[PDB]
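Peer 1: The structure's right below; bear with me while I get my questions together.
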Amino acid sequence: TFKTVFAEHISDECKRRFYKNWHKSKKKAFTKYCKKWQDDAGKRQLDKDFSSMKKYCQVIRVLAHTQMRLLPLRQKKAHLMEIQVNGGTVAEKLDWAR
Amino acid sequence: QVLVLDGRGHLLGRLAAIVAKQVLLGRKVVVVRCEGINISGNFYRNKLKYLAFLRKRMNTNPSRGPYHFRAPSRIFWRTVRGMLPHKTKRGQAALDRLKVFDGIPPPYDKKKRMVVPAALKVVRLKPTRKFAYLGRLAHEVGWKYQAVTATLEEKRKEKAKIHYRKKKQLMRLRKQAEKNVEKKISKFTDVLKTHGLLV
Amino acid sequence: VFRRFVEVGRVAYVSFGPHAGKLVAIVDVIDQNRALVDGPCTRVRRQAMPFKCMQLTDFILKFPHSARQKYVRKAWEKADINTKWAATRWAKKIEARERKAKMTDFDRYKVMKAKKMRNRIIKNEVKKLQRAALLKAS
Amino acid sequence: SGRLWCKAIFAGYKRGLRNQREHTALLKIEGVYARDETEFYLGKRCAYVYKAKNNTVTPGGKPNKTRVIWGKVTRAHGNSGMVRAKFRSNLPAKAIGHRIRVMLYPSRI
Amino acid sequence: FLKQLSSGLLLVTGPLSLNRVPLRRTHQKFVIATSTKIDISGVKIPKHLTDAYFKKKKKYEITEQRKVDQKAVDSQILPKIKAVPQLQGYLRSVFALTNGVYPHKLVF
RNA sequence: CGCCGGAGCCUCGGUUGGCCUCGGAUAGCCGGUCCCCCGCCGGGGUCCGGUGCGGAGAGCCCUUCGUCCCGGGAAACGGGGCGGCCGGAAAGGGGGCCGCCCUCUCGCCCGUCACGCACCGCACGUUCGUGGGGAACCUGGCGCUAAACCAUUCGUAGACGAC
RNA sequence: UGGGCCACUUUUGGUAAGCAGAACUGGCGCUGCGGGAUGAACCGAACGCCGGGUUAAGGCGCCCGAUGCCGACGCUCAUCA
RNA sequence: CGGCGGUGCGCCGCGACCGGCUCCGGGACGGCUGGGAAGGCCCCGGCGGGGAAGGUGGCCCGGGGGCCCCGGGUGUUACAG
Ligand SMILES: [Mg+2]
Ligand SMILES: [Mg+2]
Ligand SMILES: [Mg+2]
Ligand SMILES: [Mg+2]
Ligand SMILES: [Mg+2]
Ligand SMILES: [Mg+2]
Ligand SMILES: [Mg+2]
Ligand SMILES: [Mg+2]
Ligand SMILES: [Mg+2]
Ligand SMILES: [Mg+2]
């Protein structure tokens with residue numbers, strides 16, 4: 001794995017995945033990471049990361065999770081997986097993904 | 001202090017014996033480009049030797065039997081291990097101070113590589129005799145990173161070519177400089193030529 | 001393509017063995033791996049000598065394939081092989097190596113002190129040339 | 001203000017294939033690779049330097065952690081440049097493949 | 001090197017202005033003789049200095065007798081080694097072993 | 001509790017200058033030139049040089065007693081200590097460059113002048129090294145206030161754990 | 001003690017046997033040691049406790065002491081050497 | 001902080017000479033043989049008489065050239081032996 005970039009906003013559905021006990025936690029996951037998007041230097045660094053991924057990587061896999069609030073199941077913790085992106089050049093794969 | 005040897009053009013067993021002896025003596029040895037190691041005898045013979053080794057297996061539970069590594073670096077490492085007394089603390093320490101790689105990783109891409117003329121194919125084998133390439137042998141036995149290493153190696157080769165051209169220009173410039181300042185530096189060129197450091 | 005050949009008359013340099021560092025001439029070829037050599041003006045008797053301990057030079061002097069000591073000697077003196085070999089860069093490198101081996105401690109200190117300044121000056125002028133090339137290329 | 005001792009490696013003990021004689025040690029000095037080339041080092045005294053837990057007295061200084069077992073190069077060994085060394089205490093087996101200092105001062109030049 | 005004493009110990013001088021080695025005794029075995037000589041035959045060493053002089057007596061203080069003896073000998077010896085170029089610098093430097101330098105291969 | 005920023009203690013050992021890089025052929029190689037030919041400087045053509053490799057790992061680089069006077073030689077564009085520009089992903093580079101605020105004519109090579117515990121013949125001396133690891137002494141600055149397991153629940157699980 | 005066994009050459013029965021039976025000498029049994037990877041009888045050599053030297057049989061790519069000789073002359077390619 | 005005669009050193013070390021035993025190195029001298037064999041120098045030692053090719057010049061043919069080199073033919077020292 002070369003680099004991992006997350007979205008600015010991640011729903012509590014996916015946040016539940018990161019905790020073994022969501023009832024006793026403070027829900028602090030990504031609370032300090034989310035600030036990389038709203039700051040000028042942070043988003044400049046993010047664009048630098050995207051440029052590095054564009055110029056170095058070979059296969060691009062996108063992270064997506066199911067919406068479990070639309071289901072009759074008891075559990076509310078979303079299932080997060082990696083789905084590979086197949087297509088043209090790495091640059092346009094990354095552009096489509098972003 | 002670390003002995004770095006370029007494996008391209010070397011014979012497997014003869015290089016391994018010297019590596020094992022040096023490592024027992026106490027040097028830290030890194031063997032690089034293990035896909036370029038040669039073995040005497042034709043490819044079909046060598047691959048049947050390795051296929052018989054592959055057939056060797058523990059009947060009761062194969063997961064506990066011999067481990068048949070497919071990487072050329074691991075093949076060389078296992079040969080050295082067989083030449084070492086690896087069932088003792090001394091042999092294990094020797095194996096620890098030995099390090100073996102495939103291709104040329106970039107701690108060592110920028111360092112000069114040594115060769116061992118006692119274990120070179122062109123010196124030890126008659127030109128009419130046949131030989132085999134360890135990279136091809138490993139690929140046909142099950143190694144899965146032959147092309148990746150080739151592309152990375154051609155990248156390294158292009159970068160090294162650029163560096164070598166720059167160095168050639170630089171030291172040609174140095175020779176021009178010495179020709180320029182020979183009038184001033186004659187007082188030392190003569191005392192070096194009278195002791196054999198020059199020409 | 002080859003440039004040096006083992007024929008009758010070519011002089012050769014003895015790399016190792018008893019008569020190492022001396023020049024011999026091929027007088028006759030005995031077999032695949034043995035030759036008859038003779039140094040008349042360089043302290044080598046007529047004897048069989050293997051090809052493995054010799055290495056040819058770019059000098060050929062003419063005598064019959066079974067000539068005698070006097071005739072080989074006169075051909076050698078006519079050709080002036082001693083002076084030509086002394087002029088040769090091969091012998092220059094040989095004697096430079098000998099002199100460097102013979103160098104002593106005081107000579108080592110002298111050479112160290114001299115090459116310190118020689119490298120310093122050459123490095124400074126190299127920097128000057130780099131600056132000139134950079135300014136003319138920018 | 002530099003090194004005044006040559007570098008040697010304690011290769012092993014005097015031995016056959018199945019018997020070990022601990023009172024004699026085998027040494028590789030660097031740069032010497034011939035029996036006729038080992039002649040310089042006969043009679044030179046050699047030392048093994050190691051460190052321990054607590055201090056010991058030192059000649060001309062305050063006590064420190066260093067300790068030394070002294071020896072002497074006796075005669076050559078084989079054809080490849082080995083020599084035989086005899087130490088006033090048999091070298092510990094943990095010193096296999098470690099540095100042994102070979103001095104110069106018992107000189108006869 | 002100056003002379004050998006009656007006890008077999010070499011009498012070494014050393015120039016104080018060069019390498020801070022005073023009139024001292026040394027052992028013939030623990031030295032290396034380089035192939036560099038000084039035309040010292042035209043130098044007179046005072047007779048009174050001997051093994052009895054140089055032997056340890058019993059904090060050490062340098063006596064005026066030692067200082068004046070050293071002054072005489074060193075003033076006699078300095079000009080003769082100033083006549084050899086770079087010799088003062090060679091004497092002032094310190095011998096040491098570096099990488100790849102093998103004692104059995106180098107002519108001392 | 002985390003990063004930047006003082007003496008020390010204990011303990012674990014080794015070590016006693018660096019080499020910063022073409023790719024390769026071996027019945028053949030290496031370095032320049034370009035009057036010439038295509039291509040984004042490279043490949044080739046030509047020619048001239050080396051090849052028991054000297055643009056040689058049989059090699060190269062650094063080469064450490066120190067300080068104090070004057071002279072020569074070398075430098076003058078040099079030596080050291082701030083902001084920008086580039087240098088890298090196979091197991092990411094502490095390298096170069098540009099402007100910089102200041103300073104020295106001191107660094108290197110030849111000479112002149114003396115001096116330092118000259119410790120009285122003697123051993124592990126001389127580094128890498130503010131080394132790795134563990135406790136506390138400590139002056140400040142910039143910062144932050146989690147999660148796992150148990151207990152309970154579930155049954156997509158289950159001998160018990162586990163999930 | 002009165003169960004023996006093994007080996008060079010000789011030798012009887014048996015197709016043969018690590019079979020069964022004899023002659024000569026030497027061994028193992030009663031015996032450690034260096035070499036033959038490993039082994040009762042094979043090769044060398046027999047033993048108080050040690051230091052230096054040198055050997056036997058066998059060896060000197062590495063395990064593993066020793067050729068890290070600029071060793072000599074040839075033969076041999078084996079997809080079962 | 002006495003000279004001698006004898007005993008030893010609190011611990012760690014060093015040197016020198018003597019003798020014994022070993023492993024090497026550097027010199028120089030002489031004997032024997034086919035009273036060494038070959039070989040060196042004295043115009044191939046000189047004087048004559050022969051031999052042949054692993055045939056030198058010479059001559060003949062051809063080619064690669066620009067007088068030299070190369071292959072074959074003949075032959076008996078000539079400009080090698
Ligand atoms: Mg230390
Ligand atoms: Mg009974
Ligand atoms: Mg029977
Ligand atoms: Mg019994
Ligand atoms: Mg008995
Ligand atoms: Mg027995
Ligand atoms: Mg066997
Ligand atoms: Mg027998
Ligand atoms: Mg013994
Ligand atoms: Mg063996």
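Identifiers in this document derive from the order of the structure tokens: chains are assigned A, B, ..., residues are numbered from 1 separately in each chain, and ligands are numbered from 1 in order of occurrence.
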From a backbone DSSP assignment, name each residue in chain E labelled alpha helix (DSSP H), as an MDAnalysis selection string.
Peer 2: chainID E and resid 16:19 51:54 64:82 87:92
Peer 1: Provide as a list in words the residues of chain E at most 12 Å from chain H, counting only C-alpha atoms (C1' of nucleotides).
Peer 2: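 On the chain E side, the interface is residues 7, 8, 9, 26, 27, 28, 29 and 30 of chain E.
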Peer 1: Around ligand 3, at most 8 Å away and counting only C-alpha atoms (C1' of nucleotides) and all ligand atoms, which residues are there? Put them as a list in words, please.
Peer 2: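 Sorted by chain and then by number, the residues are residues 19, 20 and 21 of chain G.
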Peer 1: If the limit is 9 Å from any atom of ligand 9, counting only C-alpha atoms (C1' of nucleotides) and all ligand atoms, which residues qualify? Return them as a ChimeraX atom specification.
Peer 2: /G:51-53
Peer 1: Hey, which residues come within 12 Å of ligand 10 if we count only C-alpha atoms (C1' of nucleotides) and all ligand atoms? Could you give them as a PDB file with N, CA and C atoms (P, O5', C5', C4', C3', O3' and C1' of nucleotides), in the first residue's frame?
Peer 2:
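Saved file result.pdb follows:
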ATOM      1  N   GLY D  16      41.930 -31.230  14.730  1.00  0.00           N
ATOM      2  CA  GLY D  16      41.619 -32.079  13.604  1.00  0.00           C
ATOM      3  C   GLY D  16      40.153 -31.947  13.260  1.00  0.00           C
ATOM      4  N   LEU D  17      39.618 -32.977  12.611  1.00  0.00           N
ATOM      5  CA  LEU D  17      38.195 -32.959  12.306  1.00  0.00           C
ATOM      6  C   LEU D  17      37.340 -33.240  13.534  1.00  0.00           C
ATOM      7  N   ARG D  18      37.849 -34.012  14.495  1.00  0.00           N
ATOM      8  CA  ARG D  18      37.036 -34.477  15.609  1.00  0.00           C
ATOM      9  C   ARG D  18      37.692 -34.261  16.967  1.00  0.00           C
TER      10      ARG D  18
ATOM     11  P     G G  35      39.649 -38.915  12.850  1.00  0.00           P
ATOM     12  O5'   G G  35      39.977 -39.774  11.552  1.00  0.00           O
ATOM     13  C5'   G G  35      40.613 -39.182  10.433  1.00  0.00           C
ATOM     14  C4'   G G  35      40.799 -40.166   9.307  1.00  0.00           C
ATOM     15  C3'   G G  35      39.535 -40.757   8.708  1.00  0.00           C
ATOM     16  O3'   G G  35      38.875 -39.894   7.803  1.00  0.00           O
ATOM     17  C1'   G G  35      41.082 -42.480   9.091  1.00  0.00           C
ATOM     18  P     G G  36      37.285 -39.994   7.627  1.00  0.00           P
ATOM     19  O5'   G G  36      37.043 -41.465   7.066  1.00  0.00           O
ATOM     20  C5'   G G  36      37.498 -41.836   5.774  1.00  0.00           C
ATOM     21  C4'   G G  36      37.005 -43.203   5.369  1.00  0.00           C
ATOM     22  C3'   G G  36      35.532 -43.487   5.583  1.00  0.00           C
ATOM     23  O3'   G G  36      34.700 -42.864   4.624  1.00  0.00           O
ATOM     24  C1'   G G  36      36.797 -45.350   6.274  1.00  0.00           C
ATOM     25  P     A G  37      33.153 -42.588   4.952  1.00  0.00           P
ATOM     26  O5'   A G  37      33.136 -42.148   6.485  1.00  0.00           O
ATOM     27  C5'   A G  37      33.580 -40.860   6.894  1.00  0.00           C
ATOM     28  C4'   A G  37      32.487 -40.085   7.588  1.00  0.00           C
ATOM     29  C3'   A G  37      31.749 -40.817   8.702  1.00  0.00           C
ATOM     30  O3'   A G  37      32.412 -40.693   9.950  1.00  0.00           O
ATOM     31  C1'   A G  37      30.194 -39.756   7.241  1.00  0.00           C
ATOM     32  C1'   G G  58      43.773 -40.870   5.215  1.00  0.00           C
ATOM     33  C3'   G G  58      42.850 -41.367   3.119  1.00  0.00           C
ATOM     34  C4'   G G  58      43.038 -42.660   3.892  1.00  0.00           C
ATOM     35  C5'   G G  58      43.707 -43.785   3.147  1.00  0.00           C
ATOM     36  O3'   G G  58      41.741 -41.391   2.241  1.00  0.00           O
ATOM     37  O5'   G G  58      45.038 -43.451   2.790  1.00  0.00           O
ATOM     38  P     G G  58      46.085 -44.578   2.392  1.00  0.00           P
ATOM     39  P     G G  59      41.678 -40.371   1.003  1.00  0.00           P
ATOM     40  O5'   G G  59      40.957 -39.089   1.609  1.00  0.00           O
ATOM     41  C5'   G G  59      41.196 -37.795   1.083  1.00  0.00           C
ATOM     42  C4'   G G  59      41.489 -36.809   2.185  1.00  0.00           C
ATOM     43  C3'   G G  59      41.706 -35.370   1.749  1.00  0.00           C
ATOM     44  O3'   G G  59      40.481 -34.672   1.597  1.00  0.00           O
ATOM     45  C1'   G G  59      43.379 -36.021   3.309  1.00  0.00           C
ATOM     46  P     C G  60      40.209 -33.766   0.302  1.00  0.00           P
ATOM     47  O5'   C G  60      40.932 -32.389   0.633  1.00  0.00           O
ATOM     48  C5'   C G  60      40.452 -31.532   1.659  1.00  0.00           C
ATOM     49  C4'   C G  60      41.368 -30.351   1.844  1.00  0.00           C
ATOM     50  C3'   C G  60      41.740 -29.610   0.569  1.00  0.00           C
ATOM     51  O3'   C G  60      40.783 -28.624   0.227  1.00  0.00           O
ATOM     52  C1'   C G  60      43.691 -30.056   1.848  1.00  0.00           C
ATOM     53  P     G G  61      39.802 -28.832  -1.024  1.00  0.00           P
ATOM     54  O5'   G G  61      38.840 -27.566  -0.963  1.00  0.00           O
ATOM     55  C5'   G G  61      39.296 -26.273  -1.331  1.00  0.00           C
ATOM     56  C4'   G G  61      38.133 -25.380  -1.668  1.00  0.00           C
ATOM     57  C3'   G G  61      37.162 -25.123  -0.524  1.00  0.00           C
ATOM     58  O3'   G G  61      37.548 -23.995   0.237  1.00  0.00           O
ATOM     59  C1'   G G  61      35.973 -25.781  -2.475  1.00  0.00           C
ATOM     60  P     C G  62      37.785 -24.106   1.816  1.00  0.00           P
ATOM     61  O5'   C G  62      36.315 -24.120   2.423  1.00  0.00           O
ATOM     62  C5'   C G  62      35.506 -22.956   2.411  1.00  0.00           C
ATOM     63  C4'   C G  62      34.099 -23.264   2.851  1.00  0.00           C
ATOM     64  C3'   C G  62      33.966 -24.169   4.062  1.00  0.00           C
ATOM     65  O3'   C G  62      34.136 -23.492   5.290  1.00  0.00           O
ATOM     66  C1'   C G  62      32.507 -24.911   2.373  1.00  0.00           C
ATOM     67  P     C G  63      34.660 -24.302   6.567  1.00  0.00           P
ATOM     68  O5'   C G  63      33.448 -25.266   6.941  1.00  0.00           O
ATOM     69  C5'   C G  63      32.184 -24.741   7.320  1.00  0.00           C
ATOM     70  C4'   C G  63      31.175 -25.833   7.579  1.00  0.00           C
ATOM     71  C3'   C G  63      31.577 -26.893   8.587  1.00  0.00           C
ATOM     72  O3'   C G  63      31.393 -26.460   9.920  1.00  0.00           O
ATOM     73  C1'   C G  63      30.569 -27.911   6.696  1.00  0.00           C
ATOM     74  P     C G  64      32.395 -26.939  11.074  1.00  0.00           P
ATOM     75  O5'   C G  64      33.817 -26.956  10.361  1.00  0.00           O
ATOM     76  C5'   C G  64      34.997 -27.260  11.093  1.00  0.00           C
ATOM     77  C4'   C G  64      36.155 -27.595  10.186  1.00  0.00           C
ATOM     78  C3'   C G  64      36.229 -26.796   8.886  1.00  0.00           C
ATOM     79  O3'   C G  64      37.596 -26.559   8.549  1.00  0.00           O
ATOM     80  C1'   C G  64      36.099 -29.101   8.393  1.00  0.00           C
ATOM     81  P     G G  65      38.434 -25.405   9.289  1.00  0.00           P
ATOM     82  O5'   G G  65      39.546 -26.204  10.102  1.00  0.00           O
ATOM     83  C5'   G G  65      40.625 -25.534  10.738  1.00  0.00           C
ATOM     84  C4'   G G  65      41.905 -26.326  10.628  1.00  0.00           C
ATOM     85  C3'   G G  65      42.437 -26.517   9.218  1.00  0.00           C
ATOM     86  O3'   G G  65      43.262 -25.437   8.832  1.00  0.00           O
ATOM     87  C1'   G G  65      42.448 -28.590  10.382  1.00  0.00           C
ATOM     88  P     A G  66      42.818 -24.432   7.670  1.00  0.00           P
ATOM     89  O5'   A G  66      44.020 -24.526   6.635  1.00  0.00           O
ATOM     90  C5'   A G  66      45.305 -24.954   7.056  1.00  0.00           C
ATOM     91  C4'   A G  66      45.833 -26.044   6.161  1.00  0.00           C
ATOM     92  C3'   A G  66      45.398 -25.971   4.708  1.00  0.00           C
ATOM     93  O3'   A G  66      46.185 -25.073   3.948  1.00  0.00           O
ATOM     94  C1'   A G  66      45.140 -28.182   5.510  1.00  0.00           C
TER      95        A G  66
END
Peer 1: Output as a PyMOL selection string the set of chain E residues within 10 Å of chain C, with distances taken over only C-alpha atoms.
Peer 2: chain E and resi 34-36+85-87+89-91+93+95+105-108
Peer 1: Could you give me, as a ChimeraX atom specification, every polymer residue with an atom at most 12 Å away from an atom of ligand 5, counting only C-alpha atoms (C1' of nucleotides) and all ligand atoms?
Peer 2: /G:26-31,46
Peer 1: Those same residues - N, CA and C atoms (P, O5', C5', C4', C3', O3' and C1' of nucleotides) - I'd like them written as a PDB file, in the first residue's frame.
Peer 2:
ATOM      1  P     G G  26      49.688 -65.865  15.171  1.00  0.00           P
ATOM      2  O5'   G G  26      48.845 -64.560  14.831  1.00  0.00           O
ATOM      3  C5'   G G  26      49.456 -63.451  14.189  1.00  0.00           C
ATOM      4  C4'   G G  26      48.438 -62.466  13.672  1.00  0.00           C
ATOM      5  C3'   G G  26      47.436 -61.941  14.683  1.00  0.00           C
ATOM      6  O3'   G G  26      47.959 -60.924  15.514  1.00  0.00           O
ATOM      7  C1'   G G  26      46.300 -62.557  12.718  1.00  0.00           C
ATOM      8  P     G G  27      47.116 -60.421  16.784  1.00  0.00           P
ATOM      9  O5'   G G  27      46.095 -59.365  16.168  1.00  0.00           O
ATOM     10  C5'   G G  27      44.993 -58.894  16.925  1.00  0.00           C
ATOM     11  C4'   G G  27      43.758 -58.751  16.073  1.00  0.00           C
ATOM     12  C3'   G G  27      42.452 -58.639  16.839  1.00  0.00           C
ATOM     13  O3'   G G  27      42.190 -57.314  17.263  1.00  0.00           O
ATOM     14  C1'   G G  27      42.228 -60.231  15.100  1.00  0.00           C
ATOM     15  P     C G  28      41.935 -57.000  18.813  1.00  0.00           P
ATOM     16  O5'   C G  28      40.370 -57.213  18.988  1.00  0.00           O
ATOM     17  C5'   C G  28      39.448 -56.401  18.282  1.00  0.00           C
ATOM     18  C4'   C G  28      38.082 -57.031  18.245  1.00  0.00           C
ATOM     19  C3'   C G  28      37.514 -57.465  19.585  1.00  0.00           C
ATOM     20  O3'   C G  28      36.924 -56.401  20.305  1.00  0.00           O
ATOM     21  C1'   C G  28      37.237 -59.199  18.014  1.00  0.00           C
ATOM     22  P     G G  29      37.059 -56.339  21.901  1.00  0.00           P
ATOM     23  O5'   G G  29      36.382 -57.687  22.406  1.00  0.00           O
ATOM     24  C5'   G G  29      34.987 -57.904  22.258  1.00  0.00           C
ATOM     25  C4'   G G  29      34.629 -59.346  22.508  1.00  0.00           C
ATOM     26  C3'   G G  29      34.817 -59.839  23.931  1.00  0.00           C
ATOM     27  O3'   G G  29      33.707 -59.510  24.739  1.00  0.00           O
ATOM     28  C1'   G G  29      35.730 -61.409  22.411  1.00  0.00           C
ATOM     29  P     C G  30      33.859 -58.854  26.197  1.00  0.00           P
ATOM     30  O5'   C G  30      35.374 -58.390  26.347  1.00  0.00           O
ATOM     31  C5'   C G  30      35.743 -57.670  27.521  1.00  0.00           C
ATOM     32  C4'   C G  30      37.226 -57.415  27.666  1.00  0.00           C
ATOM     33  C3'   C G  30      37.932 -56.734  26.496  1.00  0.00           C
ATOM     34  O3'   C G  30      38.928 -55.859  27.023  1.00  0.00           O
ATOM     35  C1'   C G  30      39.034 -58.739  27.023  1.00  0.00           C
ATOM     36  P     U G  31      38.556 -54.386  27.544  1.00  0.00           P
ATOM     37  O5'   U G  31      38.400 -53.554  26.202  1.00  0.00           O
ATOM     38  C5'   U G  31      38.495 -52.139  26.204  1.00  0.00           C
ATOM     39  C4'   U G  31      38.958 -51.621  24.868  1.00  0.00           C
ATOM     40  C3'   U G  31      38.216 -52.187  23.658  1.00  0.00           C
ATOM     41  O3'   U G  31      38.049 -51.165  22.680  1.00  0.00           O
ATOM     42  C1'   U G  31      40.529 -52.621  23.450  1.00  0.00           C
ATOM     43  P     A G  46      52.791 -49.187  17.484  1.00  0.00           P
ATOM     44  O5'   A G  46      52.176 -49.150  18.951  1.00  0.00           O
ATOM     45  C5'   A G  46      51.251 -50.136  19.382  1.00  0.00           C
ATOM     46  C4'   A G  46      50.039 -49.506  20.017  1.00  0.00           C
ATOM     47  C3'   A G  46      50.039 -49.405  21.531  1.00  0.00           C
ATOM     48  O3'   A G  46      50.822 -48.331  22.019  1.00  0.00           O
ATOM     49  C1'   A G  46      47.929 -50.160  20.775  1.00  0.00           C
TER      50        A G  46
END
Peer 1: With only C-alpha atoms (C1' of nucleotides) and all ligand atoms counted, collect every polymer residue having an atom within 10 Å of ligand 2; state the result as a ChimeraX atom specification.
Peer 2: /G:1-3
Peer 1: Which residues in chain D does DSSP call strand (DSSP E)? List them as a ChimeraX atom specification.
Peer 2: /D:6-15,20-29,46-58,61-70,73-77,82-85,99-102
Peer 1: Quick one: residues within 8 Å of region 50-60 of chain A, only C-alpha atoms (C1' of nucleotides), excluding same-chain residues fewer than 4 positions away - as a PDB file with N, CA, C and O atoms (P, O5', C5', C4', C3', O3' and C1' of nucleotides), in the first residue's frame?
Peer 2:
ATOM      1  N   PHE A   2       0.660   2.125  -0.970  1.00  0.00           N
ATOM      2  CA  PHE A   2       1.467   3.331  -1.072  1.00  0.00           C
ATOM      3  C   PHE A   2       0.916   4.458  -0.207  1.00  0.00           C
ATOM      4  O   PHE A   2       1.659   5.066   0.568  1.00  0.00           O
ATOM      5  N   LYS A   3      -0.379   4.739  -0.317  1.00  0.00           N
ATOM      6  CA  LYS A   3      -0.957   5.881   0.374  1.00  0.00           C
ATOM      7  C   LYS A   3      -2.461   5.695   0.489  1.00  0.00           C
ATOM      8  O   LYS A   3      -3.093   5.097  -0.383  1.00  0.00           O
ATOM      9  N   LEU A  46      -2.765  17.522   0.637  1.00  0.00           N
ATOM     10  CA  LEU A  46      -3.618  16.477   0.079  1.00  0.00           C
ATOM     11  C   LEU A  46      -3.470  16.394  -1.434  1.00  0.00           C
ATOM     12  O   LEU A  46      -3.412  15.297  -2.002  1.00  0.00           O
ATOM     13  N   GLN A  84     -11.596  -2.480  -6.328  1.00  0.00           N
ATOM     14  CA  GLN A  84     -10.602  -2.040  -7.292  1.00  0.00           C
ATOM     15  C   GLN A  84     -11.257  -1.271  -8.432  1.00  0.00           C
ATOM     16  O   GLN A  84     -12.392  -1.545  -8.828  1.00  0.00           O
ATOM     17  N   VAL A  85     -10.524  -0.297  -8.958  1.00  0.00           N
ATOM     18  CA  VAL A  85     -10.965   0.512 -10.087  1.00  0.00           C
ATOM     19  C   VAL A  85     -10.194   0.038 -11.309  1.00  0.00           C
ATOM     20  O   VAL A  85      -8.962   0.134 -11.352  1.00  0.00           O
ATOM     21  N   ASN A  86     -10.909  -0.485 -12.298  1.00  0.00           N
ATOM     22  CA  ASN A  86     -10.317  -0.937 -13.548  1.00  0.00           C
ATOM     23  C   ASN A  86     -10.734  -0.002 -14.671  1.00  0.00           C
ATOM     24  O   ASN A  86     -11.916   0.330 -14.801  1.00  0.00           O
ATOM     25  N   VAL A  90      -3.732   5.599 -14.907  1.00  0.00           N
ATOM     26  CA  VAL A  90      -3.816   5.793 -13.463  1.00  0.00           C
ATOM     27  C   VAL A  90      -4.282   7.206 -13.141  1.00  0.00           C
ATOM     28  O   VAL A  90      -5.034   7.425 -12.183  1.00  0.00           O
ATOM     29  N   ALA A  91      -3.847   8.186 -13.935  1.00  0.00           N
ATOM     30  CA  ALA A  91      -4.248   9.567 -13.692  1.00  0.00           C
ATOM     31  C   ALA A  91      -5.759   9.729 -13.800  1.00  0.00           C
ATOM     32  O   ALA A  91      -6.396  10.333 -12.929  1.00  0.00           O
ATOM     33  N   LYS A  93      -7.987   7.272 -13.658  1.00  0.00           N
ATOM     34  CA  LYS A  93      -8.588   6.477 -12.593  1.00  0.00           C
ATOM     35  C   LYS A  93      -8.688   7.285 -11.307  1.00  0.00           C
ATOM     36  O   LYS A  93      -9.739   7.321 -10.659  1.00  0.00           O
ATOM     37  N   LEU A  94      -7.599   7.960 -10.934  1.00  0.00           N
ATOM     38  CA  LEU A  94      -7.607   8.755  -9.712  1.00  0.00           C
ATOM     39  C   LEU A  94      -8.541   9.949  -9.835  1.00  0.00           C
ATOM     40  O   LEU A  94      -9.214  10.317  -8.866  1.00  0.00           O
TER      41      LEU A  94
ATOM     42  P     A F  89      11.918   7.974  -7.064  1.00  0.00           P
ATOM     43  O5'   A F  89      11.297   7.291  -5.770  1.00  0.00           O
ATOM     44  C5'   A F  89      12.000   6.265  -5.080  1.00  0.00           C
ATOM     45  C4'   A F  89      11.071   5.176  -4.604  1.00  0.00           C
ATOM     46  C3'   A F  89       9.984   4.768  -5.597  1.00  0.00           C
ATOM     47  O3'   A F  89       9.767   3.362  -5.519  1.00  0.00           O
ATOM     48  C1'   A F  89       8.989   5.460  -3.573  1.00  0.00           C
TER      49        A F  89
END
Peer 1: Kindly provide the residues of chain F that approach chain D to within 7 Å, each paired with its closest atom pair and their distance in Å to one decimal, based on only C-alpha atoms (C1' of nucleotides), listed by chain and increasing number, as CSV.
Peer 2:
residue,atom,partner,partner_atom,distance
F:16,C1',D:3,CA,6.9
F:123,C1',D:59,CA,6.5
F:124,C1',D:68,CA,5.7
F:126,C1',D:2,CA,4.7
Peer 1: Residues within 8 Å of residue 76 (chain D), please, as a list in words. Count only C-alpha atoms (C1' of nucleotides); anything in the same chain fewer than 2 positions from it doesn't count.
Peer 2: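 Returned residues: residues 35, 38, 39, 42, 74, 78, 81, 82, 83 and 84 of chain D.
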Peer 1: Could you write out that same residue set with C-alpha atoms as an mmCIF file, in the first residue's frame?
Peer 2:
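Saved to out-v8.cif:
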data_model
loop_
_atom_site.group_PDB
_atom_site.id
_atom_site.type_symbol
_atom_site.label_atom_id
_atom_site.label_comp_id
_atom_site.auth_asym_id
_atom_site.auth_seq_id
_atom_site.Cartn_x
_atom_site.Cartn_y
_atom_site.Cartn_z
ATOM 1 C CA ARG D 35 53.379 -18.795 4.283
ATOM 2 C CA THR D 38 53.830 -14.547 7.325
ATOM 3 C CA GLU D 39 57.516 -14.313 8.343
ATOM 4 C CA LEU D 42 56.549 -14.501 14.042
ATOM 5 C CA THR D 74 54.381 -18.757 17.558
ATOM 6 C CA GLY D 78 49.008 -24.021 6.408
ATOM 7 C CA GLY D 81 48.641 -17.184 5.834
ATOM 8 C CA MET D 82 47.375 -18.624 9.122
ATOM 9 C CA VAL D 83 49.599 -18.347 12.172
ATOM 10 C CA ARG D 84 49.508 -20.092 15.538
#
